[PDB]
Structure formats: structure tokens, C-alpha cells
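Note that ligands are numbered from 1 as they come in the structure, with each ligand's atoms numbered from 1 the same way. The basis for the numbers below is simple: all heavy atoms, side chains too, and nothing from hydrogens, waters or symmetry mates. Chain letters run A, B, ... following the sequence lines, proteins first and then strands; every chain starts at 1.
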Amino acid sequence: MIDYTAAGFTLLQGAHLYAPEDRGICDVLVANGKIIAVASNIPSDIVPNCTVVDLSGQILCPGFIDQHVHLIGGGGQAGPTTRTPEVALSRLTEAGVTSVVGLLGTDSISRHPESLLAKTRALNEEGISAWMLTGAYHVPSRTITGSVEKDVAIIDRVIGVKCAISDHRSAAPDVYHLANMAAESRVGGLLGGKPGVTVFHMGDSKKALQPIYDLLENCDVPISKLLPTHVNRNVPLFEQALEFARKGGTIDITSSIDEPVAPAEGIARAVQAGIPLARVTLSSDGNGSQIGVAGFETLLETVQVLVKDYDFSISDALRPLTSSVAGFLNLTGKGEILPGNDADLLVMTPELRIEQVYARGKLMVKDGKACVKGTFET
Amino acid sequence: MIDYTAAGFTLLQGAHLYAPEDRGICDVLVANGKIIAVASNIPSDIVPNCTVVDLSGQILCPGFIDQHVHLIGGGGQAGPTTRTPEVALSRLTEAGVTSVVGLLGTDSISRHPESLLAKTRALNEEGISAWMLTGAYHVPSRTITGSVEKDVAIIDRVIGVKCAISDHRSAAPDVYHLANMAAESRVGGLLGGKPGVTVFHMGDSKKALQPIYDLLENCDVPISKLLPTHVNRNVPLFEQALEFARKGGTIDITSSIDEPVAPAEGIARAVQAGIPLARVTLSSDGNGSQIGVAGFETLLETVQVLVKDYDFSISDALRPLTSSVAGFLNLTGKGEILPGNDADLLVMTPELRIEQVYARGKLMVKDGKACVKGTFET
Amino acid sequence: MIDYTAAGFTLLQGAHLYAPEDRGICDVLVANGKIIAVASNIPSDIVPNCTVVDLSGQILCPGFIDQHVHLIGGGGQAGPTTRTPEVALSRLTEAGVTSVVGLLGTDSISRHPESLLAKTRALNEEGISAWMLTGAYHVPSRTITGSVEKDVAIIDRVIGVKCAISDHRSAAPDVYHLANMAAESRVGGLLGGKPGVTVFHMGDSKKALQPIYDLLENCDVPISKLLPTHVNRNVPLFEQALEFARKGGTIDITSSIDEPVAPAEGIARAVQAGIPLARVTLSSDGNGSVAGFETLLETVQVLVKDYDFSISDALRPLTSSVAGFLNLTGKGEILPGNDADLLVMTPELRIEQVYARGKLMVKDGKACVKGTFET
Amino acid sequence: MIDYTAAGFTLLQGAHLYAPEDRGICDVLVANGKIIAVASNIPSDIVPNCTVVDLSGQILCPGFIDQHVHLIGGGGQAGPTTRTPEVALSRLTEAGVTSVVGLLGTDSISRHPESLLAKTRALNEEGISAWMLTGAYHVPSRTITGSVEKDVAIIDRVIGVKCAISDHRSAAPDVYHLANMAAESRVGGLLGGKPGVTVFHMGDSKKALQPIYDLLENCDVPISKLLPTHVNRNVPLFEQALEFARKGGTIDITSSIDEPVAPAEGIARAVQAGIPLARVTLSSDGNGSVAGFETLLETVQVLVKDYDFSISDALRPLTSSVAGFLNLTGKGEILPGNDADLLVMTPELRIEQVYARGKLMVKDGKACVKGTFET
Ligand SMILES: [Zn+2]
Ligand SMILES: [Zn+2]
Ligand SMILES: [Zn+2]
Ligand SMILES: [Zn+2]
Ligand SMILES: [Zn+2]
Ligand SMILES: [Zn+2]
Ligand SMILES: [Zn+2]
Ligand SMILES: [Zn+2]
């Protein structure tokens with residue numbers, strides 16, 4: 001008897017697959033955490049020591065990518081008792097999240113990029129995929145190596161930089177400071193093989209997107225590296241974001257913001273405005289302070305709403321959380337079900353309720369409950 | 001015989017109380033430095049080991065909050081012989097001051113925030129309540145931790161930052177530098193649970209308030225965090241301050257400046273202009289250089305004048321020194337006589353002359369003379 | 001009706017009081033979070049709007065002071081996944097802890113004093129009392145302001161410095177670096193009105209206390225400012241510890257270390273060795289890697305149960321001895337003028353109620369007050 | 001037809017397998033760059049789209065791990081013209097090297113860790129596996145982030161630190177500086193999940209290993225984290241090295257140093273001295289001043305040919321021993337779950353094929369995969 005168990009062969013059979021593209025009833029063969037074949041009717045005996053999974057009647061889609069999470073905790077805006085706690089593995093996984101991008105916010109005094117970096121690594125070690133942004137609301141940026149360009153270029157998990165504009169919690173940055181920082185992130189990413197993006201937390205100032213336009217007039221950073229987030233927070237801002245997207249920018253809608261522009265509503269309007277889904281993403285702002293802390297249920301909720309109350313197809317509904325995110329951040333191997341991609345998959349009921357979650361080919365959630373937990377989860 | 005002396009029970013009986021709100025003849029019961037009951041006719045035997053004080057015929061009001069004092073000394077503008085000496089406890093208390101905010105001025109070369117911080121702490125230890133501002137006239141700010149945001153966030157006694165504008169003694173700051181500094185103070189205060197204000201020493205430049213308006217156009221710091229002081233120093237400046245107050249800003253009048261706009265006059269005009277007292281404060285600039293050094297008698301003097309020559313009610317007269325200050329700096333437990341507030345009280349004759357002063361429930365002045373002195377007072 | 005509720009009058013009646021000193025059946029009156037009277041038979045009507053609590057048949061004693069807690073989390077010695085989570089309020093209060101001193105350990109790369117300082121502040125706001133030590137195992141120390149001397153003098157919650165010696169995770173400090181760091185903490189303590197102590201995490205190196213002795217010969221910091229902790233981790237170290245205590249030093253036994261010298265055992269031997277309880281402390285090392293806080297109370301139970309200690313004495317290492325060593329004014333003793341940090345226990349020493357600064361935190365053995373984000 | 005080519009199924013059949021352990025004639029199945037099965041007679045049809053390679057009559061073994069390579073170039077000791085060029089991929093793979101650890105030497109003015117780090121990354125992308133050491137001969141170390149402890153904990157490819165002792169090109173380090181630096185690497189290793197080793201370039205000074213012994217008496221870093229290299233450079237040093245190994249240390253023999261103690265000879269004497277192979281490593285010092293990589297394989301040949309070693313044993317110093325010392329998970333042994341880093345040799349030990357992470361890199365003794373700018 002030959003042992004082939006090292007391969008971790010798993011055959012996912014008979015689900016209706018949304019890659020997110022509708023592929024109909026189709027099988028998925030996994031090995032070594034990778035998707036190795038996608039096809040209708042894969043012989044259950046094509047490989048030895050194969051775990052076969054009957055998904056008949058279920059749906060199979062790619063795992064969500066949540067690009068805005070306060071992995072080590074956030075808050076602190078109303079004193080020290082408001083510092084939220086760190087994110088626990090199970091919370092992410094039960095929410096359908098297989099890939100995450102961690103970041104800092106208002107507080108960069110009691111929160112440090114080194115802490116964030118360690119947490120990012122723990123999460124990868126625990127089973128999912130994680131990256132981070134250097135900086136925080138504060139401009140000039142607080143970094144690990146002393147320079148934004150150096151952080152993006154040399155710290156493996158760093159993919160870009162974060163900042164805040166048009167917000168009463170900003171560092172009142174001027175255009176030069178902003179331009180320089182985005183330029184450093186851009187360059188650092190070429191060198192490091194990273195997207196080199198600049199993510200802008202938007203507040204409620206009436207100036208809205210101005211600073212971004214100013215910046216573009218003062219530098220050569222491509223518009224495709226600039227990401228405004230929390231765009232649904234106020235109407236006028238939302239409206240400008242639409243045009244920003246119309247000009248070739250990508251906009252990030254926050255799932256945790258219900259009013260004045262609800263998330264599904266925001267996505268629907270984009271489409272109405274003729275904006276291609278590829279230029280719209282959805283992120284949670286999870287673990288930030290809400291006093292409660294923002295969770296991850298809003299992601300799934302948005303997909304359900306879009307399908308059920310908005311007439312989106314499941315395929316379209318999935319984009320903002322999968323392919324558009326991977327697309328924007330250049331996350332190779334993620335967001336789509338293709339041979340050669342990582343085996344980050346969700347298994348859902350036809351009513352869009354998660355039953356199982358695979359991260360890198362490993363069963364993380366079964367029967368809608370986490371079977372793999374963070375090291376200190378109790 | 002049971003000892004209940006630890007409580008320090010004190011009953012202040014029968015004065016006409018101005019909370020500053022007129023409460024008429026009313027009693028005040030104190031314990032553990034706190035006001036525990038305010039009411040007419042409190043039974044002199046409600047608590048054991050109670051010190052009863054007959055205030056019949058007298059007035060009872062809250063202790064003054066002087067938010068602009070050069071606690072460690074100031075001056076130095078005309079050479080080293082002009083460096084004034086540090087403030088002595090008794091000077092404050094005999095002047096009716098129970099709470100103070102220390103700060104630096106022109107000289108930040110021979111004066112350091114660490115010195116100011118130590119002095120602040122000594123004063124609390126000696127019996128009164130004290131806080132400070134980081135920075136000084138110089139922009140960029142000279143701080144303790146290296147950053148304005150960090151100083152406000154982590155040094156317990158630091159509540160904001162000071163600077164100078166439109167003055168021949170300024171560091172010729174540009175809008176960005178100013179904006180950044182105010183933004184840091186603002187943010188630092190959210191984190192630290194401080195007001196996070198920015199206090200602007202105003203000089204006689206013709207530009208007057210401009211820089212403040214410029215700043216607001218270049219940042220998202222709320223107008224309510226910005227405090228221009230010495231507004232009565234020149235007419236045109238005073239006039240602009242009125243409108244500044246009209247737009248929602250708070251203005252600080254300096255009691256030690258007699259011309260061209262006297263303090264009581266300044267306060268009267270504000271009211272004439274329809275500005276709510278809540279938006280007007282009065283501070284001494286005590287211990288700065290005047291060669292003499294500015295004292296604290298001008299505070300009380302202003303209240304007397306307002307009542308006697310201006311027709312203000314005592315209640316109204318008290319605001320700028322009590323509730324409006326506490327209101328502006330968010331000094332919980334101060335500026336008002338309510339159960340649960342600190343027992344910082346003044347006892348005056350009907351002609352507004354101070355007889356006794358209680359700081360945190362402790363008798364500091366009796367018969368208009370200090371009975372508790374600074375450790376080195378001789 | 002006049003309202004006097006701002007005073008928070010509370011009368012704890014009928015318990016057998018251990019201050020820690022046995023005081024027999026005695027009453028305790030509280031106002032504004034402070035103990036205002038201690039006597040038998042205080043009248044229930046002595047003050048208006050008084051909450052009377054009948055504790056007859058129960059024991060009353062001071063809240064515990066745990067001077068060795070990884071408040072923001074610790075661990076990380078076996079990689080990133082081993083970083084423990086921050087401590088929740090209820091875990092402390094349920095274990096009888098009303099005062100705590102937070103610190104860092106091995107990891108001072110992903111762990112920062114500024115973070116520790118915020119957490120310290122959070123806890124104070126939440127209802128208990130907390131302080132911290134600056135530095136970490138690493139020497140030179142990583143501080144907030146850039147100087148150990150400055151951190152201790154100016155940061156209100158900082159009371160001393162932490163370091164590691166004789167351990168395979170130390171920074172290989174030399175005597176000069178150790179002396180200087182201890183002297184800075186000492187001096188900062190004076191300027192800031194802090195104890196200005198130096199806390200030494202002890203490892204298993206054969207050199208044991210050597211470095212301390214060396215330090216003493218190289219500086220003039222008083223012996224009473226130097227605290228070796230984890231002294232019960234190995235025999236030779238423990239024995240050396242006894243000697244150090246005999247010379248005038250204080251020693252900290254770790255409740256979470258059960259072998260080779262158990263906590264109660266170590267305490268009993270110290271005493272049997274002629275060392276006064278005043279020079280013996282007990283701390284948990286709670287939240288390190290996740291070590292909990294139940295061993296504290298258990299040590300007390302064991303001392304009484306198996307070692308012939310009176311209750312009074314068994315309490316000292318967690319109350320008066322710590323408060324005394326750290327100069328925690330208002331803590332560790334039930335006296336008029338002190339803070340109302342009290343435990344209510346059954347005669348068999350099970351925690352029933354806990355008051356911190358006069359506020360009821362735990363009732364029927366269960367936290368009734370929780371951390372802001374406690375789930 | 002269903003496409004399964006994404007898996008890269010490859011079946012290596014019929015070779016005499018040395019894992020390094022002699023396993024006789026046995027098959028190896030590979031998928032996704034990992035070894036998924038090791039057994040005799042694996043069915044050629046067991047998996048779809050399988051590339052079958054008939055290796056009958058050949059030997060199969062693990063790829064070599066060269067832990068001492070001047071990846072970006074070295075030299076510069078006789079002025080600017082002596083700076084050697086960076087290492088090309090094919091030079092490594094042709095020599096049987098599939099895993100490498102890069103480092104700096106004498107020159108840390110014209111040579112930077114950031115440059116070394118980029119080159120390390122380049123190689124990983126090009127198909128092999130690479131790590132680096134922070135620092136250089138200079139002590140205090142010149143690092144990327146400013147701290148040895150921080151470099152090791154946070155820079156993914158950094159696994160330890162390099163330094164020079166007992167050499168006329170050293171920085172004249174004192175024991176404190178050496179101890180501190182070793183302790184920082186040790187601690188960073190723990191936090192980052194790295195071996196956290198200290199690699200000591202040994203020169204010809206008569207003091208030989210002294211500094212190491214001294215260091216040990218001045219810190220608590222385990223002996224197993226300290227690696228003296230170039231130990232065969234002189235006799236007295238070599239002999240002292242044997243002793244150090246006997247005490248529990250590991251020793252690195254330089255394949256490029258032929259006198260006075262040749263590489264094979266040194267290995268044979270170590271063994272004859274009672275030292276287990278697990279505590280003996282072999283590295284090239286390749287690309288220094290331009291030293292090549294052929295002496296690696298030659299040492300193996302000589303051990304077998306002239307020293308009575310079995311093949312299994314002769315392989316250890318370049319495979320399992322290194323992987324074990326550096327904790328290189330997935331490397332140095334042919335086991336299910338490990339990376340497909342394999343060599344195909346003739347029975348007389350000549351390299352024929354080389355696979356790195358399952359990719360064919362060298363064929364018929366010639367690189368068939370080259371560096372991006374390889375000419
Ligand atoms: Zn945000
Ligand atoms: Zn956020
Ligand atoms: Zn001024
Ligand atoms: Zn002034
Ligand atoms: Zn320890
Ligand atoms: Zn500890
Ligand atoms: Zn060398
Ligand atoms: Zn070398």
C-alpha cells in the first residue's frame with residue numbers, strides 16, 4: 001500500500017460553479033492547496049487517496065478577499081477604552097473571507113506597523129492569506145523602515161500605503177506630502193513586485209475628492225494606483241466617486257456603512273452609471289469601532305441583497321469581493337477558479353448561505369462553523 | 001466613639017449660591033473633596049463628624065479656572081534679567097483660582113515643557129488642579145515626546161498645544177505648519193481623552209485672524225478647537241474676534257490688558273454683539289512680564305466691574321471664568337456647583353470680596369488670606 | 001427628599017475582617033470609593049442613601065495586587081501565532097485582582113510600551129487600578145521617551161523598569177548596562193514620586209543571581225529597589241533567592257510556576273528561613289504563554305490548608321507586601337482613607353463579591369462589570 | 001480530454017535512491033514541486049498527464065544546500081578592481097546547489113544587505129531557494145532596519161547574522177558586542193521563526209576559538225546557535241574546532257580551502273573523532289576571491305573514493321546536516337511532503353540532471369534554465 005496522502009487530493013463534485021463566471025455543473029480537483037483541474041465529470045478515481053466531496057445541489061464560488069480590515073484592532077477615538085481587540089481567525093473564515101489586507105487607522109500611537117506585520121504573518125501561518133498596508137491616517141506616514149518606498153519594496157507582506165483625507169481626523173496633509181507618499185508607494189511596488197497602491201480613507205469634509213485630483217495634477221502616479229474607500233458615506237462624495245470611476249479610477253464601497261448609501265445600493269448605482277464592475281470593490285472596515293466593533297457579516301449580506309433585491313446575477317454579485325479585488329491588487333492565484341489558482345473556495349446553499357470554506361485547499365468551515373480556529377481561540 | 005473623619009464631611013450652610021446659576025439660599029454638603037448634595041436646608045446632623053460652616057449673609061460660587069498662566073515663569077524678551085520667577089501657590093488661591101492651565105511663551109530656549117510639567121504636578125500635589133499646553137510661541141512646536149500628537153495623547157497633564165501668530169515674536173509659520181500642528185493636537189486629544197485645542201497668542205500684526213481662517217480652509221479641525229487669546233489688545237483684532245465668535249468660535253479675553261479694550265468692556269461688547277457667554281472666556285496671562293510681572297487680581301476685578309459698572313448679573317459675570325472655561329476645555333467636575341462635581345468653591349462677601357477658598361474640599365484661604373502655602377513659600 | 005446618592009454610601013456589615021490583620025467581626029463604611037470608617041457595629045442609618053450589605057458569615061479582605069501581568073498579550077517565542085491576546089477585565093476581577101502592574105517580556109518588536117500604556121489607562125477607566133513597567137527583556141531598554149530615567153520621572157503610570165537576566169532569551173547585558181539602567185529607574189522614581197524599581201525576569205542559567213550581586217558592587221542603587229521574579233523556577237536559584245532576601249532584598253514568587261518549587265511551598269520556606277512576609281511577594285505572570293490568574297487564590301488556599309498559615313499571613317504576599325514594596329498608597333490594607341478595593345469570600349476562601357474603588361464588580365462569583373469589548 | 005497539467009505530475013523511476021539514507025531502487029512521484037510519494041514500483045498511470053522519467057541505472061539524491069555564498073559578489077580587499085561579480089543561477093545549479101544562504105564579507109561599504117536581499121529574492125523567483133544572513137565582518141553589524149534583532153524577526157529571508165573574529169580584517173569586537181549581537185540574532189530567530197544563528201568567519205589569529213568560549217561565558221545563547229566557518233584553514237584552529245564540536249557545537253568546513261586541512265579530510269577526522277555528521281557541515285565560500293562551486297561535489301567524491309565513506313554519509317554535510325542546522329523545513333531529505341529538489345547522478349557521482357522545486361534545471365549536465373541576464 002502506497003501512501004499518496006501528502007498530495008491532499010480532494011475532488012469537489014457536482015456543484016454549480018461560479019468562477020465567478022457561470023460554469024454550470026462542474027467539478028473541481030485540488031492538490032497541494034492548488035486547483036489542478038476544472039471540468040465537468042472528473043473521474044472519482046483519476047488520482048489515488050482522493051477525498052471526494054458531493055456538492056450536488058450546492059454552489060461553489062471563490063473565497064472573498066477583504067481588503068480593509070483592522071487585523072490587530074482599531075478604535076481608540078474616544079479614549080483608550082475604545083481600542084478594539086484583534087481579529088480572530090474564525091470570524092474571518094465563517095464570514096467567507098479567505099484573503100485579507102490589514103491596515104491601521106486613526107491611531108498610530110498605540111498601534112504600530114510591526115504589530116500589524118506580525119499578525120499578518122500569524123494569519124498566513126494559521127491557514128489563510130494576508131497582506132498589509134504601511135502608514136495609517138497620519139501623513140507623513142509612520143513606517144517600519146523609515147520610508148514608504150523602502151517599506152513597499154522590501155517588506156514582503158506590504159503592498160501599499162494607507163492615509164486619510166477630507167476628514168476631521170486627518171494630519172492636514174498638503175498636496176506635496178500626499179504626492180510624494182503616493183509616488184513612493186508606486187515606485188516601491190515596482191521594485192518589490194507589489195501593486196504599490198495608495199488607499200485613501202475618506203471622511204465627510206465638503207472637499208471630498210479634491211485632494212486626489214490635486215495630487216494627480218502634481219504627479220505621474222497612474223490613477224489606477226489610487227483607491228478612495230468609504231465612498232458610500234455621504235451622497236456628494238459618492239457622486240464624485242462615480243465620476244472618479246468613470247475616469248478610470250476604482251472605488252471601494254464599505255460594507256459596514258448602511259446610510260446614506262447602502263452597499264448594495266452603491267454597487268447597483270455604479271452599474272446604472274455605466275461603471276464596469278471591474279472598477280468597484282467592496283470591503284468591510286471589519287474590527288474598526290462601531291460601542292461595538294464592526295463585523296464581517298455585511299459582506300455576505302451584500303451579495304444576498306444584490307441577488308435577491310436587486311436582480312444582479314450571482315456572477316455579477318460576486319465580483320466586487322473576488323475578481324475585482326484580485327484584479328485591483330494584482331493578487332495572483334486569488335479571486336477566480338482556474339486551474340493553477342489557489343484553492344480558496346466557498347460552498348454555499350442555493351440561498352447563499354455558507355456551509356464550507358476551503359483556504360488553500362484546507363477545510364476551514366464545515367456546516368457553517370469553523371473547524372480550524374485561531375491558536376488562542378476559545 | 002467611631003471615627004468618620006476620613007470623609008472630611010463639611011457642610012456649607014446658608015449662603016446665596018450662584019452655581020453660577022442663581023440657586024438662592026442653599027446648602028452645600030461636601031465629602032472626600034466632592035460635592036455630594038446641593039439643597040436648601042440640609043440637616044446639620046445628616047452625617048457624622050461634620051464640620052458646619054455658617055455662610056449666612058455670604059455668597060458661594062465656583063472657583064475660577066485660569067487657562068493662561070506662566071506657571072514656571074515667563075518674560076525674557078529683554079534679556080535674561082527679564083525672566084520672571086515661577087508662580088507661588090498662595091498667589092493663585094488668594095486670587096480665587098482653583099484650576100489652572102500652564103503654558104510657555106516667547107522663550108522656549110531657557111524654558112522647557114518638562115519643567116512646566118513638573119510644576120503642574122507640584123501644584124496638583126499642593127492642593128489645586130493644574131494642566132498644561134505643550135509647544136510655545138515657536139512653530140514648529142518644541143515638545144516633550146518629539147510630536148505634538150504624541151504629547152497630547154500620552155502625557156496625562158497635556159491638553160493641547162500653544163503657538164503665536166500675527167506677532168513680531170512669531171516663528172513666521174506657514175499655513176501647512178499651523179494646520180498640521182492643530183490637526184495633531186486634535187487627534188492626540190481624541191486618543192488621550194483631552195480637548196485637543198490649539199491656543200493662538202495673537203500679536204498686533206494687521207493680518208490679525210487671517211492665518212486662522214487660512215488654516216480652516218486647509219484642514220478639517222473643528223472651529224471649536226481653536227482659541228485666539230489677547231483679543232482685546234487692539235480694536236481691529238477685537239472686532240474680528242467678534243465675528244469669529246459669531247461663526248461658532250470661542251474667544252479668550254486677557255484680564256491683564258486694559259487698553260484699548262478693557263476686559264469687562266470686551267465681555268460687554270460680546271454680549272451686545274449677541275454672542276453667547278458660553279463662547280467667551282477670560283484668562284490672566286499671569287506671571288508673564290509686564291518691569292513687573294502680571295498678577296491675578298484682574299480676574300476678580302473684572303467680575304466686580306461687570307456687576308458694578310455694567311449691569312451684569314453675578315451669574316453672568318461668573319461664566320467667563322467658570323462654566324465657559326470648563327465648557328471649552330471639557331474640564332469635567334469643574335466650573336459648576338453640582339453634586340458629583342469637585343468642591344472648588346469661593347466664599348465671598350456680598351460686595352464680591354473673597355473670604356474663603358476651598359480646593360477639592362480643602363480650606364485654602366480664610367479671611368482672605370492663604371492658610372495653605374506652596375512648599376517653599378516664606 | 002434631598003438626594004445624597006452622589007456619595008455612593010455603602011455599608012458592609014457583619015463580616016469577619018482580615019485587614020489583612022485579623023480584626024474579628026467588624027463593619028466597613030464606604031463613600032466615594034474610599035473606606036471612611038472601620039469599626040464593629042456601625043449604625044445602618046449613620047448616613048443617608050446608604051446601601052447596606054449584610055455579609056454576616058462571610059470574610060472580608062483587601063483586593064489582590066498582581067504585579068506581573070502581560071496586559072497587552074505576550075508570547076511570540078515560537079513565532080507569530082504564539083502571540084497571546086490582551087487581558088480582559090473580567091478575568092482579573094473574577095480572580096480577586098483589583099490592582100495590577102503590566103509589563104512586556106521577550107517580544108519588544110511587535111510589542112510596544114505605548115500600547116501597554118494605553119491598555120493600562122483603559123483598565124483604570126474601566127474600574128480597576130493599573131500601572132506599568134517600562135523596558136522589556138531587552139537591554140538597553142526600549143522606552144517611550146528615549147530614556148529609562150525620563151520614562152519613570154514623567155510618565156505617570158510608569159513605576160520602574162523590567163529586564164531579563166540569566167536566561168537564553170536575554171540580550172546578554174553587561175554589568176554597566178544593567179547598573180546604569182537600574183540607577184536611571186532609581187533616580188526617575190525619586191523625581192516622579194515612583195518606587196523606581198528594577199524587575200528582573202530570571203531564567204534557568206547557572207549564573208542565577210550572580211548578575212545582581214555584580215550590579216550591587218557596581219552601583220549604589222539600594223537592594224530594596226531590585227526585584228528578582230520567577231525565583232521558584234529552579235532549586236539553586238530559589239535557594240540563592242532566600243539568601244538575597246536575607247540580605248535585605250525582596251523576592252517575587254510566580255504563582256503559575258508549579259515545579260520544582262510550588263508557590264505555597266516557596267512562601268512557607270521563606271518564612272521558615274527567617275524572612276519576613278513583608279519581603280515576599282506573589283505574582284501570576286498572567287497572560288503569558290495563556291497563563292491565567294486562578295493560581296493566585298489557590299496559593300492562598302494551600303498556605304492555609306496545607307501549611308499552617310493563618311489567613312492574615314497567607315494574604316500578605318498579594319496585599320500589604322506588594323503595596324508596601326511598590327509604595328502603592330491607599331492599596332493593600334483595609335484602613336480609613338484607603339481605596340475601597342475589597343473581596344468578599346466564603347469561609348473556605350471562595351470569592352463571592354469584589355469591589356474596586358467601591359464599585360461592585362463581581363457578584364455571586366461572577367463579573368457583573370465587563371471590559372468595553374468583552375464578549 | 002480534461003487538462004491536469006497544472007499539477008506538473010512527474011514520476012522519477014528506477015533510480016538507486018539515497019534520501020540521503022540508502023533506499024535501494026525506489027520511485028519518486030512529484031506534484032506541484034513537492035514530493036508526494038516515495039516507493040518502489042509506482043504505477044506510471046497512477047496520475048493523469050504524468051511525465052515519466054526513466055532513471056534506471058542512475059542515482060537519485062537530495063539537492064545540495066550551500067550555506068556560504070557571496071551572492072552579490074565579494075572581494076575588494078585589494079582595492080576596487082578586486083570586487084567580484086554577482087553569482088549567476090546556472091553556476092549554482094550546474095554544481096548541484098538548489099538551496100543557498102547568501103552573505104557579505106570584508107566589504108560592507110560598497111556592499112549592502114538591501115542589495116543582498118534583492119538578489120536573494122531574484123534567485124527564489126528564478127527557481128531555486130535562497131536566504132541570507134544580515135551583518136558582515138563588521139561588528140557592530142550593519143543591518144537593514146537598524147537592529148540585528150529586528151532584521152532577523154522581520155525580514156522574511158534573513159535567518160541569522162554574520163561576523164568575523166580572529167582575523168586581521170575584523171573590527172576588533174569585544175565580548176560584549178559579540179554577545180549582544182548573538183543574543184539579538186537568537187531572540188529575532190524566535191520571534192520570526194528563524195534559526196537565529198551567528199556565523200563566525202574565522203581567520204588565522206592565534207586566538208582561534210577563544211572569543212567564542214568567552215562569549216559563551218558571557219551570555220546564554222545556546223552553543224547550537226554558534227557556527228564557526230573556515231575551520232580547516234589552519235591546524236590548531238581545526239583541532240580546536242573538533243573540541244568545540246565535541247562540546248555540542250556544529251562546525252562548518254570550507255570546500256574551497258584545500259590546505260592545510262582538505263575538506264574530505266576534515267570531515268573524515270571529525271567523524272573519526274566521535275563527532276556525528278549531524279554536527280558537521282560543508283559550504284563553498286563560493287564567489288569570494290572567483291571561487292567556484294565544483295569543490296562541493298568533489299568533496300563528496302573524495303570521501304567515498306578515498307575515505308571509505310558510504311554515499312549516504314558522504315552526502316550528509318551538504319544535505320540533511322545543513323537543513324537540520326538551519327531548520328530548513330522541506331529541504332535536505334527525500335520524503336513525502338518535502339520540496340522536489342533533486343539531483344540525478346551517474347553511479348560514479350557525476351551530475352546529470354537537477355530539479356529545483358520540481359522544475360528541470362539542468363539536463364545532460366547542462367543548465368537548461370538560466371538567470372534572467374545570463375549570457
Ligand atoms: Zn477609514
Ligand atoms: Zn478602516
Ligand atoms: Zn501671549
Ligand atoms: Zn502668555
Ligand atoms: Zn518573565
Ligand atoms: Zn512575564
Ligand atoms: Zn569568511
Ligand atoms: Zn565568505
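- The closest side-chain donor-acceptor pair between B/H201 and B/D167 falls under 3.5 angstrom.
- Judged purely by distance below 3.5 Å, without hydrogens or angles, the side chains of A/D252 and A/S283 pair a donor atom with an acceptor atom.
- The Zn ion (ligand 7) sits nearest to atom ND1 when only the N, O or S atoms of D/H201 are considered.
- Inclusion of D/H68 in the first shell of the Zn ion (ligand 7) is not supported: no N, O or S atom falls under 2.8 Å.
- Between A/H70 atom NE2 and A/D285 atom OD1, the angle centred on the Zn ion (ligand 2) amounts to 80° (nearest 10°).
- Atom CZ of B/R91 is surrounded by 12 or fewer heavy atoms from other residues, nucleotides or ligands within 6.0 Å.
- With no hydrogens or angles considered, no side-chain donor-acceptor pair links B/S256 and B/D285 at under 3.5 Å.
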